[PDB]
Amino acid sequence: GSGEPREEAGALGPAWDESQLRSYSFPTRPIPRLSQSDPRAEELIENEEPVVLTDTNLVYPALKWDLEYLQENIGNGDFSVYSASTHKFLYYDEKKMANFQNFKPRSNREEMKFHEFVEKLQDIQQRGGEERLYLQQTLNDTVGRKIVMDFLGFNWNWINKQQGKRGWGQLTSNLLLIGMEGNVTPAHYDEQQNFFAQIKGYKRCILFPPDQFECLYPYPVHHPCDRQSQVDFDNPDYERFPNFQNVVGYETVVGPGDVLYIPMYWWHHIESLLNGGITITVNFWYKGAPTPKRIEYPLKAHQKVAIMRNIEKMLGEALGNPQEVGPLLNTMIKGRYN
């Protein structure tokens, strides 16, 4: 489980309840929820382990954000809005679809203005339709004046010190995430460090450390769903994915004002609570620190993941066709290493 639902101040009762969580096959234990001043919080971040920080004020000026405020102020730029007829919004790279022409995505991307996203959301809620939307858009220069001021008001002092102390590279982007209740982002890992800043509503975050690679079966590197798990968490195929019977998660529910550190290479499954209304999040993606000058043995799990990715990339290049990677790997191992 996630830990008991937090009781909201002013006696407003449990923020959420367990009936709002989807049911899965694996056990979990809770991610610690700590003050940013707690030395244990700094210890977790330094060791690249997840922690929920409850009091960073990282996106304090955004906590007033809702669809009306954003529509009035976020400007007239384009926003990427994914549409799906399922609750699962499985990420895929459009640029890799050529490699796998039999891959038929279950979500589609549409570019629209923010007011068109709000209108489409209202159309769906009015007709009781089953269509689902997930807006996922990096923040950029087109945002209006008040959003700029809100952004400038983030706690750059706190997060700049984190970047510096951890040796991270540049902030590459901030993804604005606006989802419908029940939306799910299936398990994947990212190759950047992430401070995940919850703004509105509640998201259940289930994390798995990099040493559970063997249990989570990422797609081939050249597949559009590179870095995502092949396992259907709602109907796990234990014949193809037997070590998913061994997966163990680290779980929490973040709400407004919480910040989850999702360390680079950690798997994460994210869901907007059932019947919890819309969710809003802004993430902070940083490039990881460079490879160290001296390598220490034996290697860490994330180092072996980096090696495996590079082997797949190099073979795809050397063989001239990413579809030849699997046959070559099988030829190498069968009756030799297995």
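From 1 onward, residues are counted along the sequence shown. Under this definition, the rigid core comprises the largest set of C-alpha atoms superposing within 1.5 Å between the forms.
Quick one: with the core lined up, is it 264 to 272 or 93 to 101 that wanders further in 9 other deposited structures of this protein, going by C-alpha RMS? Relative to the shown form, the greater RMS C-alpha distance in 9 other deposited structures of this protein belongs to 93 to 101.
With reference to the PDB entry, specify whether the mean Cα temperature factor is higher for 198 to 206 or for 81 to 89. Per the PDB entry, the higher value belongs to 81 to 89.
Averaging CA B factors per stretch from the PDB record, which one is higher: 6 to 14 or 19 to 27? Mean CA B-factor is higher for 6 to 14.
In terms of CA temperature factor as recorded, identify the highest of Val184, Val259, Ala98, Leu176. Of the options given, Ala98 has the highest CA B-factor in the PDB entry.
Given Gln245, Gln230, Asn155, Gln126, the residue at which the Cα B factor reaches its maximum: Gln126 has the highest C-alpha B-factor of those listed.
Check where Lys300 lands among this chain's C-alpha B-factors and tell me if it's the lowest, middle or highest third. Middle third of the chain for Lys300's C-alpha B-factor.
Among modelled residues of the same chain, the CA temperature factor third for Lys293: For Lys293, whose C-alpha B-factor we compare with every modelled residue in the chain, the answer is the highest third.
Should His268 be placed in the lowest, middle or highest third of its chain by the C-alpha B factor in the entry? Tercile = lowest for this residue's CA B-factor.
Going by the entry, which third of its chain does the Cα temperature factor of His222 land in? As the PDB entry reports it, the C-alpha B-factor of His222 lands in the lowest third of its chain.
Would you check the entry's CA temperature factor for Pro50 and let me know if it's in the chain's lowest, middle or highest third? Its C-alpha B-factor belongs to the lowest third of this chain's values.
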